[PDB]
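In what follows, a structure is listed as structure tokens, so that the remarks can point back to it.
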Amino acid sequence: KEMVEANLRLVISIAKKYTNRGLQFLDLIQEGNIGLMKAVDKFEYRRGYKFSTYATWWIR
DNA sequence: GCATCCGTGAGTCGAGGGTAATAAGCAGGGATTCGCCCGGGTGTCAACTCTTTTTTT
């Protein structure tokens, strides 16, 4: 929960690009939060040492 | 006891006729759906036997 709350503002930058496509802003933010919470479960010390590099794919 | 801020209203019949924009990718496994075909129940016909109303004797 702490890790998903620390990177909560990262999804707002990705959700801003997708707009006026049939979904409101809050719904897109909630979907991005779902994706981020689903991506935080699997994160090891792989080639990508930044959590954002692995979370952006799941959020998108 | 007053001053400031948030809802309702606006006639009625007629014409005029349709609209419009963003845009990842691929691997696994199931549920769905379209072609062919055997088939058994529904139709469409050759073709064998009682009854009888006269029409003939």
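We name chains A, B, ... following the order of the structure tokens; residues begin at 1 in each chain, and ligands are numbered from 1 as shown.
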
Report task. Residues of chain A near chain B: apply a cut-off of 10 Å, count only C-alpha atoms (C1' of nucleotides), and supply the list as a PyMOL selection string. Result -> chain A and resi 18-22+60

Query - Polymer residues at most 7 Å from segment 33-48 of chain A, only C-alpha atoms (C1' of nucleotides), same-chain spacing of 2 or more positions, as a PyMOL selection string - result: chain A and resi 4+11+29-31+50+53+55+58-59

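We find atom CA of residue 2 of chain A and atom CA of residue 28 of chain A to be spaced 21.5 Å apart.
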
Query raised in the report: atom CA of residue 25 of chain A and atom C1' of residue 19 of chain B, how far apart in Å?
Result: 27.0 Å

Requested in this report: Using DSSP on the backbone, list every residue of chain A that comes out as helix (DSSP H, G or I), and give them as number ranges by chain.
Outcome: A: 2-6, 10-17, 25-39, 51-59

Report summary line: Students should find that atom CA of residue 51 of chain A and atom CA of residue 10 of chain A are spaced 10.4 Å
